[PDB]
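Starting off, we have a lone chain in the form deposited without the DNA, written out as structure tokens.
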């Protein structure tokens, strides 16, 4: 069996035998991303992704034979790690001032690349200086990011994601009692931690007006309960909401006070019932698994896959699916479980 270049033709569990290589490659991809070197970034991400799927650790350069997405630049990074136990290249990025600042500024909710470049070019290097500056002005998203900084930079754990899950279902069934709530993202793929909790909401019986208003009702309901700390909606091409919820500690059933609550990033997506298999596939990730799913669909099958449909260009028909298994089968792909999509 020859290893495929597509992550959607590989099984990638959270058991990484090559973390010494993939951690170095992820730093190198992140660096390029923060410099807007998209091509160099995507190239590092594909190499990192293929090594995460390996059932054994690389111990020599010979172990690298037959593996796709392993260019000449990437091979020199691999050899360097085999020789020293560390990547001088990734260590350089870790010591780079632009990398250090961009990673720190974008760690604030509301801060993207244009805001992080602006602050860096003003001579700012710490959040303390940003926050106390009397001339800087911030967006409502950034103020929330600064206000709940420590809680948001703290990992969201599985008991917390479940405590959030209960709050989402309770709020949703108040307006659409037949609605299906599904936890997506890294938590669906078996991750222990995340930076946020994602949910997909859908209703068999709901009308166009009912699905358009549900996220507004859910948030108004949390606002009346005093649980909403921040919210931002985004029109349909799905109805989305990006919140910051107040999560009381008494709601968290873990093995483990000083302020009995934690601010949690929650993302909600409402989708029409007949597009649910596509939305679940699209919102489960990982990001590399999606990119390869769409790349394989286009290059191999002459099909167009997105978050709401699968179109066959040869047959001139949209392909229907009531499940992710049906989408895989239409793509001519063996089914890959959510826990094998950690590409």
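Note that the rigid core is defined as the largest set of C-alphas that superpose within 1.5 Å between two forms. Positions refer to the first chain, counted from 1.
Participant: Do the Cα atoms of 51-59 stray more than those of 29-37 in 9 other deposited structures of this protein, or is it the other way round, with the core held fixed?
Facilitator: Of 51-59 and 29-37, the stretch deviating more in 9 other deposited structures of this protein is 29-37.
Participant: With the rigid core as the fit anchor, does 308-316 or 38-46 show bigger C-alpha shifts in 9 other deposited structures of this protein?
Facilitator: With the rigid core superposed, the C-alphas that lie farther in 9 other deposited structures of this protein are those of 38-46.
Participant: Please confirm whether residue 257, modelled here, goes without coordinates in at least one third of the other compared entries that cover both its neighbours.
Facilitator: Looking at the other entries that model residues on either side of it, residue 257 is missing from at least a third.
Participant: From residue 236 on to residue 237, does the model leave out none, 1 to 3, 4 to 9, or 10 or more residues of the deposited sequence?
Facilitator: Unmodelled stretch: 10 or more residues.
Participant: Please figure out whether residue 121 and residue 122 are truly consecutive in the deposited sequence or have unmodelled residues between them, and give none, 1 to 3, 4 to 9, or 10 or more.
Facilitator: According to the record, the chain runs unbroken from residue 121 to residue 122.
Participant: Could you settle it for me: does 182-190 or 258-266 have the higher average Cα B factor in the PDB entry?
Facilitator: It is 258-266 that shows the higher mean C-alpha B-factor.
Participant: Please compare 33-41 with 278-286 and name the stretch with the higher mean C-alpha B-factor in the deposited structure.
Facilitator: So the stretch with the higher mean C-alpha B-factor is 33-41.
Participant: Whose C-alpha has the highest temperature factor in the PDB entry: 157, 142, 76, 126?
Facilitator: Result of the comparison over 157, 142, 76, 126: 76.
Participant: Grab the CA temperature factor for residue 299 from the record and place it in the lowest, middle or highest third of its chain.
Facilitator: Answer is highest: the recorded C-alpha B-factor places it there.
Participant: Grab the CA temperature factor for residue 62 from the record and place it in the lowest, middle or highest third of its chain.
Facilitator: Middle third of the chain for residue 62's C-alpha B-factor.
Participant: In terms of the chain's CA B-factor thirds, is residue 196 lowest, middle or highest?
Facilitator: Its C-alpha B-factor, which the entry lists for residue 196, ranks in the middle third among residues of this chain.
Participant: Please say which third, lowest, middle or highest, residue 309 falls into when its CA temperature factor is compared across its chain.
Facilitator: As the PDB entry reports it, the C-alpha B-factor of residue 309 lands in the middle third of its chain.
Participant: When the modelled residues of the chain are sorted by Cα temperature factor, does residue 70 land in the lowest, middle or highest third?
Facilitator: Ranked within chain, residue 70 CA B lands in the highest tercile.
There is also a form deposited with the DNA bound; it is not shown, and the following applies to it.
Participant: Test of understanding: in the entry with it bound, would residue 287 fall inside 4.5 Å of the DNA by heavy atoms?
Facilitator: Yes - in the entry with it bound, heavy atoms of residue 287 and the DNA come within 4.5 Å of each other.
Participant: Wondering, does residue 275 line up within 4.5 Å of the DNA in the entry with it bound on heavy atoms?
Facilitator: Contact check for residue 275: no, nothing within 4.5 Å of the DNA in the entry with it bound.
Participant: Please run the contact check for residue 253 against the DNA in the entry with it bound: heavy atoms, 4.5 angstroms, yes or no?
Facilitator: Although the DNA is absent here, residue 253 would stay clear of it in the entry with it bound, with no heavy atoms inside 4.5 Å.
Participant: Give a yes/no on whether residue 91 approaches the DNA to within 4.5 Å in the entry with it bound, heavy atoms considered.
Facilitator: No.
Participant: Is the DNA in the entry with it bound near all of 179, 204 and 208, within 4.5 Å of a heavy atom of each?
Facilitator: Judged in the entry with it bound, none of 179, 204 and 208 sits within 4.5 Å of the DNA.
Participant: Of 68-76, 171-179, 158-166, 82-90, which is the one stretch near the DNA in the entry with it bound, taking non-hydrogen atoms within 4.5 angstroms as near?
Facilitator: So the stretch in question is 68-76.
Participant: Could you list which residues of 303-319 come within 4.5 Å of the DNA in the entry with it bound, counting heavy atoms only?
Facilitator: In sequence order, 304, 305, 313 come within 4.5 Å of the partner.
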